[PDB]
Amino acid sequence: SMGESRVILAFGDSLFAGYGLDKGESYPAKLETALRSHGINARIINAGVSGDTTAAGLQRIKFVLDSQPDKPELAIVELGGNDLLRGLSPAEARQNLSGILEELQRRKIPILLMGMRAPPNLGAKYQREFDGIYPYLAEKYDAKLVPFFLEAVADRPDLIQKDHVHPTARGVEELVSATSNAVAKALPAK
């Protein structure tokens, strides 16, 4: 094919950075290769930063854009999962994401928003509020939306890395039942 590659900014968190994966296995790298099958030669800027919250993304969006030798022709924005992990306000996440999208819109950079979904641990009230920020933002900022970015792995635990293992409250009881003898034995008798 003719011509320089199309520049895409992948602006996100550990899901773009490729946490736990080897070189070339991250989503932006594999997406770049897959776009060849759509007739596209892309250079995807991997601006994923592990642990980035929406506020962290807002803090760096201008710097990331100003650092580019070639202006992005599309920005893919994938943030909010870390806000969920910290239990942070969904309203503040929406406000922070709004600031990111406003900067992209100012520069006339098209936006694709990757929708994030809350797990049931925080409760239905928080989950409904968090999930709704993405369709709201896509409408407000004329962005295309992938409603549920992680949908394709949602029912596939075999496709999810084993790393953090946080017991549930019932899981904690299981650990206590298995380890209390050892604790009692390690404590000097009174």
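Throughout, we count residues from 1 along the sequence that is shown.
Asks: Going by the mean C-alpha B-factor recorded in the entry, which is higher: 156-164 or 66-74?
Replies: If you average the C-alpha B-factors of 156-164 and of 66-74, the larger mean comes out for 156-164.
Asks: On average, which has the higher Cα B-factor in the deposited entry, 81-89 or 95-103?
Replies: Per the PDB entry, the higher value belongs to 81-89.
Asks: Can you tell me which of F149, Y141, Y27, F130 has the maximum CA B-factor listed in the PDB entry?
Replies: Among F149, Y141, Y27, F130, the PDB entry lists the largest C-alpha B-factor for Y141.
Asks: So if I compare the CA B-factors in the entry for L35, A56, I44, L122, which one is the largest?
Replies: That would be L122, according to the entry.
Asks: Quick check for you: using the entry's CA B-factors within this chain, is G18 in the lowest, middle or highest third?
Replies: Within its chain, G18 is a highest-third residue by C-alpha B-factor, going by the deposited values.
Asks: By its CA B factor, does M2 count among the lowest, middle or highest third of the modelled residues in the chain?
Replies: As the PDB entry reports it, the C-alpha B-factor of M2 lands in the highest third of its chain.
Asks: Against its chain's modelled residues, does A189's Cα B factor rank lowest, middle or highest third?
Replies: As the PDB entry reports it, the C-alpha B-factor of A189 lands in the highest third of its chain.
Asks: Against its chain's modelled residues, does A118's Cα B factor rank lowest, middle or highest third?
Replies: It belongs to the highest third of the chain when residues are ordered by C-alpha B-factor.
Asks: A169: which third of its chain by C-alpha temperature factor?
Replies: For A169, the deposited C-alpha B-factor lands in the highest third.
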